[PDB]
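To start, the structure itself, in C-alpha cells.
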Ligand SMILES: CC(C)c1ccccc1NC(=O)Nc1ccc(S(N)(=O)=O)cc1
Ligand SMILES: [Zn+2]
C-alpha cells in the first residue's frame, strides 16, 4: 500500500514508488571517520536560533515534527559548507525500539539510539516547496542521541507527546527553544545527500555533528509510546522509523575538524 517502516512497506520496498531510492546521492550513509577528510576551506558553521518561533507539534504517522514560523528571517543556519542562508522550518527525530538502534547515519557502523534532524531551506528559493526541487535546496543538521543523562531542553517535547499519540494529531507548541537540544561542540561531517524518507529527493546538504547529546532512558521510552496508526485503528508503536545506511557511491564526506 503506502510507504512505511514495516515488512511489506519498508525501506527495501520504497524504490518501487520512488525509483530515486537507488540514486546517486541517497541518505543516510555510514560515516567512515578514517576516510573522511579534513577540509580547512570549510568556513565556520553559524546556528542562529535566538529568534526561533515554534508553532505546533504534529504526529504525521512517520515521526513527530516541531514546526516553526518560517515567514520571516529568524532562525537561520549558514556558514560551514553552505552558500547563503537557510531557514529553520521543522525538527523531528528517528529512533529505535531498543537503545542499540535508531539513528539513520552511523559512525564507523555504530548506531546511536536516535537522531535529531533540524530541517532548513535555502532562502534563495522563496519557500520550502520550491527549495526541495533544487540540489542545494535544504540543509539538515543531524545530531545523534545516546542514552545516559537526561537532556533538560528536550523535556517540554516529551511531555506533550501524550496529546499527539496517533497519526494526524497536532497540538499547539509555542516558545520552544531548540538551542536546548544542541551539544557543546559544532564539529561536523558534511556530504551531499537526500531526504531519508519518501519522496527521497536529492536536495539536502547534510551536516552531521560529531558530538552526541545525552537523553535519559525515560525520555526515549516516551518516544516509543507514540503510534504510527490513527485513532480508532489497531495500535502499532512508532519505533524503528529509521532508514538504514545507503551506498556512498561517488561522494566524499568532509570533516570540519582534525
Ligand atoms: C514534497 C515533500 C518534500 C514535502 C512537501 C511539503 C511538506 C512536507 C514534505 N515532506 C517532507 O518535508 N519530508 C521530509 C522532510 C525531512 C526529511 S529528513 N529525515 O531527511 O530530514 C525527510 C522527509
Ligand atoms: Zn529525518
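All chain A residue numbers match Swiss-Prot; in order, they span 3-260.
Heads up, the Cβ atoms here are built off N, Cα and C, so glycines get one too.
Of the residues 172, 216, Swiss-Prot records the annotation phosphoserine for 172. For the residues 43, 50, 165, 218, Swiss-Prot attaches the annotation phosphoserine to 165, which does not rule out the feature elsewhere. Per Swiss-Prot, the candidate among 107, 119 that belongs to the Zn(2+) site alongside 94, 96 is 119.
Cα of residue 198 (substrate binding site) to Cα of residue 96 (Zn(2+) binding site): a distance of 10 Å. On a Cα basis, residue 96 (Zn(2+) binding site) lies 9 Å away from residue 64 (active site, proton donor/acceptor). Following the DSSP three-state reduction, the secondary structure of residue 199 (substrate binding site) is coil. Cβ atoms within 8 Å of the centroid of the Cβ atoms of 94, 96, 119 (the Zn(2+) site) belong to the same-chain residues 65, 93, 95, 106, 117, 118, 198, site residues excluded. The separation of residue 165 (phosphoserine) from residue 96 (Zn(2+) binding site), Cα to Cα, is 19 Å. Distance from the CA of residue 7 (site 'Fine-tunes the proton-transfer properties of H-64') to the CA of residue 67 (site 'Fine-tunes the proton-transfer properties of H-64') is 17 Å.
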